[PDB]
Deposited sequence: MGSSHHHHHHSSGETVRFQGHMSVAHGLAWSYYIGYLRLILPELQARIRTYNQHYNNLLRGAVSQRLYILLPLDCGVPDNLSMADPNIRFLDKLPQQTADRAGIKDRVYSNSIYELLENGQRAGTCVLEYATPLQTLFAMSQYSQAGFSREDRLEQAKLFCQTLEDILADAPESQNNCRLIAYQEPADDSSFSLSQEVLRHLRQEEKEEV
């Protein structure tokens, strides 16, 4: 329905269209001049986490102990994008720029506030339609699809393995 439609368009206009054109250059700059020489290159593309239950925690490292914060990307009013290391059996298995799609926090809060007239069933339906609309916007957005990946997932699960699966899919 139209709630998800407006949120996906807002997320694109007010944020993704402003950060994705220069993201590739920032990632290259970090790999060439800031990344520790004993580390693997940070993967290209912004990985956007889309929990379908709209459960967006405040700390990304507290959600999963295998997602460890590493550094902030060189800055692009201003935007702070974080680089995370994904651990598998203690070893570093991948490194990427990761963050939650914040409009799903709004969908969660709307399902909690009575005045919003928004059910928990409406939340799940609108979360899926938010992902659909955002995927359609990014499919034809100039310099945005090849610079980001949408990670949609449902929970009853390892969030670190969910991100690693998408990273290995791009490599294969």
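Would you list the gaps, meaning deposited-sequence stretches without C-alpha coordinates, in the order they occur?
Gaps in the modelled chain, taken against the deposited sequence, lie at 1-21, 98-106, 187-191, 208-210.
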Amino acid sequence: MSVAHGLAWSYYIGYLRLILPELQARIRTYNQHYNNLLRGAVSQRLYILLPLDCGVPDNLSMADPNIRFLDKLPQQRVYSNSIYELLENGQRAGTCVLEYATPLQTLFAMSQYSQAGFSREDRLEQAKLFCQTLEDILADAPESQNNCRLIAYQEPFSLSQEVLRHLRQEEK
From here on, numbers count along this sequence of modelled residues.
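Which is higher on mean Cα B factor in this entry, 9-17 or 146-154?
Higher of the two, by average CA B-factor, is 146-154.
Could you settle it for me: does 83-91 or 98-106 have the higher average Cα B factor in the PDB entry?
Taking the mean B-factor of the alpha carbons in each, 83-91 is higher.
Residue with maximal Cα B-factor (values as given in the PDB entry) among 48, 41, 116, 127
Of the options given, 116 has the highest CA B-factor in the PDB entry.
Once the chain's modelled residues are ordered by C-alpha B factor and cut into thirds, is residue 121 in the lowest, middle or highest one?
As the PDB entry reports it, the C-alpha B-factor of residue 121 lands in the highest third of its chain.
Residue 58 CA temperature factor, ranked by third within the chain
Highest third of the chain for residue 58's C-alpha B-factor.
Entry-reported Cα temperature factor of residue 133, expressed as the chain third it lands in
For residue 133, whose C-alpha B-factor we compare with every modelled residue in the chain, the answer is the lowest third.
Consider only the C-alpha atoms of the modelled residues in this chain, order them by B-factor as the entry records it, and name the third containing residue 111: lowest, middle or highest.
Ranked within chain, residue 111 CA B lands in the middle tercile.
When the deposited Cα B-factors of this chain's modelled residues are ordered and cut into thirds, is residue 1 in the lowest, the middle or the highest one?
Its C-alpha B-factor belongs to the middle third of this chain's values.
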